[PDB]
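Asks: Here you go, one structure.
Residue numbers (UniProt numbering), protein chains in the order written: chain B, 8 to 77, 84 to 202; chain E, 5 to 78, 84 to 202.
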């Protein structure tokens with residue numbers, strides 16, 4: 008069971024690494040096995056298909072997001094750090110929405126992904142409502158704040174893919190904490 | 005002089021009509037012939053203004069860069090508010106200009122206008138960063154590298170445009186003028202000391 012659980016996480020970790028390096032469409036299950044160091048059938052014990060790996064990566068991501076919500086200012090900062098690190102993975106998951114999530118592939122896992130996304134959406138909304146009630150955020154509809162947070166994250170991901178970022182902007186790590194601070198502070202009363 | 009006034013007024017009608025057809029049907033579907041027929045003019049006439057669609061594309065982008073330049077030639086807090094209003098007005102044109110960057114700017118089409126475009130963009134970059142530096146010096150913005158504020162402003166605009174295009178988000182936000190102003194506030198206030 009140790010063998011199973013430890014190897015499984017290594018599958019997922021290698022699979023994501025290959026996806027971001029080479030494009031998810033070019034990466035087969037064959038290739039993930041070679042990189043981990045196991046054979047083909049050893050993988051099928053874990054994931055019946057690459058779509059199962061796709062959904063498991065997204066499911067694990069939503070569960071890490073859920074575990075964040077279990084002080085509110087520190088929480089809001091951690092939420093922006095979580096969303097904004099690994100921009101390449103974020104962009105991979107958006108492609109997966111059209112390619113796998115909006116299809117009949119692995120329906121059991123897709124059903125489970127919708128459910129935890131809806132509960133995570135309600136968790137963020139509840140944080141917003143609490144920070145309005147504390148006087149931290151401006152008293153506007155909570156979806157003003159939710160959409161503003163979606164926009165900052167989405168624009169930040171595009172920024173990290175932009176030729177200006179790659180080549181002109183120097184202190185990228187200092188910038189990162191600057192943008193997280195911006196997220197915590199936007200909409201402040 | 006009347007002849008110059010009328011030739012220009014027609015030129016603007018062609019550009020206003022072209023942009024409207026681009027945003028309505030997708031820019032690849034729209035031909036110079038469709039633009040000329042919509043304005044009510046012939047083939048040869050529209051050729052007097054633009055030899056090709058790609059010239060219209062680049063003119064639309066140049067005119068946007070010239071609008072941005074005029075904005076900086078106007084207090085700085087009001088200016089920062091006007092900058093974000095200018096950038097977040099017409100989200101559909103922003104997304105068109107993003108497709109045009111790959112389709113016409115980063116190619117060998119209309120090389121004289123593209124060269125022009127990069128020079129005015131360089132000037133607009135300097136003008137925006139100058140505004141940031143003056144707001145830092147006036148104690149409005151945190152004293153961090155000016156390119157931090159520039160990139161934050163780039164991210165907010167880009168995501169706000171994406172917001173307006175996602176089908177999930179148009180329904181969650183019923184109040185579109187109210188939200189836009191909340192977003193305006195956010196832009197002016199972000200990076201504040």
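Just so you know, even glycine gets a beta-carbon here, dropped at the ideal spot from N, CA and C.
1) Taking residue 120 of chain B as part of the alpha helix (DSSP H), name the residues at either end of that continuous run.
2) Is the beta carbon of residue 157 of chain B sitting closer than 8 Å to the one on residue 191 of chain E?
3) Along the alpha helix (DSSP H) that carries residue 88 of chain B, what are the first and last residues, could you check?
4) Give, in chain order, every residue of the region 157 to 170 of chain B whose Cβ lies closer than 8 Å to some Cβ of chain E.
5) For chain B, is any of its Cβ atoms less than 8 Å away from the one on residue 123 of chain E?
6) Find out if the Cβ-Cβ distance for the pair residue 88 of chain B, residue 140 of chain B is shorter than 8 Å.
7) Anything in chain E within Cβ reach of residue 200 of chain B, meaning under 7 Å, just list it in chain order.
8) Below 8 Å on C-beta distance, what does residue 181 of chain E contact in chain B?
9) State the DSSP-derived secondary structure class of residue 150 of chain B, mapped to helix, strand or coil.
10) Thinking C-alpha only, which one of E:90, E:142, E:70 and E:63 is nearest residue 109 of chain E?
11) Closer than 8 Å by beta-carbon distance: list the chain B residues that pair up with residue 23 of chain E, in chain order.
12) Please list, in chain order, the chain E residues whose beta carbon lies closer than 7 Å to that of residue 107 of chain B.
13) Kindly confirm or deny that the region 142 to 160 of chain B and the region 132 to 150 of chain E touch, where touching means at least three C-beta pairs closer than 8 Å.
14) Should residue 153 of chain E be flagged as near chain B, meaning a C-beta pair shorter than 8 Å?
15) Can you find a heavy atom of the ligand FAD that lies under 7 Å from the Cβ of residue 196 of chain E?
16) Can you list, in chain order, the residues of its chain with a C-beta nearer than 6 Å to that of residue 103 of chain B? Leave out the 5 residues immediately preceding and following it.
17) With 16 as the cutoff for other CB atoms within 10 Å, does residue 96 of chain E come out buried or exposed?
18) How long is the line joining the alpha carbons of residue 126 of chain E and residue 52 of chain E, rounded to whole angstroms?
19) Using C-beta distances below 7 Å, list every residue in its chain close to residue 172 of chain E, excluding the 5 sequence neighbours before and after it, in chain order.
20) Using the beta-carbon of each residue, which ones in chain B are nearer than 9 Å to residue 188 of chain E?
21) Does residue 192 of chain E get closer than 8 Å to chain B when you measure Cβ to Cβ?
22) Do residue 65 of chain E and residue 106 of chain E have their beta-carbon atoms positioned less than 8 Å apart in this structure?
23) Measuring CB to CB, does residue 58 of chain E end up less than 8 Å from residue 47 of chain E?
24) Step through the CB atoms of chain E and report whether any lies within less than 8 Å of the CB of residue 72 of chain B.
25) Does any CB atom of chain E fall closer than 8 Å to the CB of residue 126 of chain B?
26) I need the straight-line Cα distance from residue 188 of chain B to residue 159 of chain B, nearest angstrom please.
27) Among the residues of its own chain, which have a CB less than 8 Å from the CB of residue 133 of chain E, if the five just before and after it don't count?
28) Suppose the cutoff is 7 Å on Cβ atoms and the five residues either side in sequence are ignored; what does the same chain contact list for residue 21 of chain E look like?
29) State yes or no: is the beta carbon of residue 172 of chain E nearer than 8 Å to at least one beta carbon in chain B?
30) Under DSSP, the alpha helix (DSSP H) around residue 38 of chain E begins and ends at which residues?
31) Going by CA-CA distance only, name the one from B:184, B:11 and B:124 that's closest to residue 54 of chain B.
32) Given residue 100 of chain B, which residues of its chain have a CB within under 6 Å of its CB, disregarding the five upstream and five downstream residues?
33) Determine the direct distance from the alpha carbon of residue 183 of chain B to that of residue 116 of chain B, and round the result to whole angstroms.
34) With 16 as the cutoff for other CB atoms within 10 Å, does residue 180 of chain B come out buried or exposed?
Replies: Let's see:
1) Note, residue 120 of chain B: alpha helix (DSSP H), 120 to 146.
2) With a cutoff of 8 Å on beta-carbon distance, residue 157 of chain B and residue 191 of chain E are scored as near each other.
3) Here the alpha helix (DSSP H) through residue 88 of chain B covers 85 to 97.
4) Listed in sequence order: 157, 159, 160, 161, 163, 164, 165, 166, 167, 168 and 169.
5) Not an interface residue.
6) Against a cut-off of 8 Å, the Cβ pair of residue 140 of chain B and residue 88 of chain B comes out as a contact.
7) The contacting residues are 195.
8) Ordered by position in chain B, the residues that pass the 8 Å Cβ test against residue 181 of chain E are 156, 159 and 160.
9) Note: residue 150 of chain B maps to strand in three-state DSSP.
10) Looking at the Cα atoms, E:63 is the closest of the given residues.
11) Correct list: empty, because the minimum Cβ distance to chain B is about 23 Å.
12) Under the 7 Å cutoff, chain E gives no residues; its nearest Cβ is about 10 Å from residue 107 of chain B.
13) Segments in contact, no.
14) Residue-level contact check: residue 153 of chain E touches chain B, since one or more beta carbons of chain B fall below 8 Å from its beta carbon.
15) The ligand FAD is absent from the structure shown, which contains no ligands of any kind.
16) These residues qualify, in order along the chain: 170.
17) Per the 10 Å Cβ criterion, buried.
18) Near 22 Å, if we compare the C-alpha coordinates of residue 52 of chain E and residue 126 of chain E.
19) Cβ within range, chain order: 178.
20) Near residue 188 of chain E (Cβ distances below 9 Å), the residues of chain B are 153, 154, 156, 157, 160 and 161.
21) Answer yes: the Cβ-Cβ gap between residue 192 of chain E and chain B drops below 8 Å somewhere.
22) Yes; because the gap between Cβ atoms is below 8 Å, this pair is in contact.
23) Contact check for residue 58 of chain E against residue 47 of chain E fails: the beta carbons are separated by 8 Å or more.
24) No, no contact with chain E.
25) No - not a single Cβ of chain E is within 8 Å of the one on residue 126 of chain B.
26) Using only the alpha carbons, I get a separation of about 22 Å.
27) Correct list, in chain order: 69, 72, 73 and 76.
28) Excluding positions up to five away in sequence, the list reads 39, 42 and 43.
29) Cβ-Cβ to chain B under 8 Å: yes for residue 172 of chain E.
30) The continuous alpha helix (DSSP H) containing residue 38 of chain E extends over residues 36 to 43.
31) Selection B:184, B:11 and B:124 evaluated against residue 54 of chain B yields B:11 as nearest (Cα-Cα).
32) Within the same chain, and ignoring the five residues on either side of residue 100 of chain B in sequence, the residues whose Cβ sits closer than 6 Å to its Cβ are 170 and 173.
33) The alpha-carbon of residue 116 of chain B is positioned some 41 Å away from that of residue 183 of chain B.
34) By the Cβ-count criterion, residue 180 of chain B is exposed, with fewer than 16 other Cβ atoms from all chains shown falling within 10 Å of its own Cβ.
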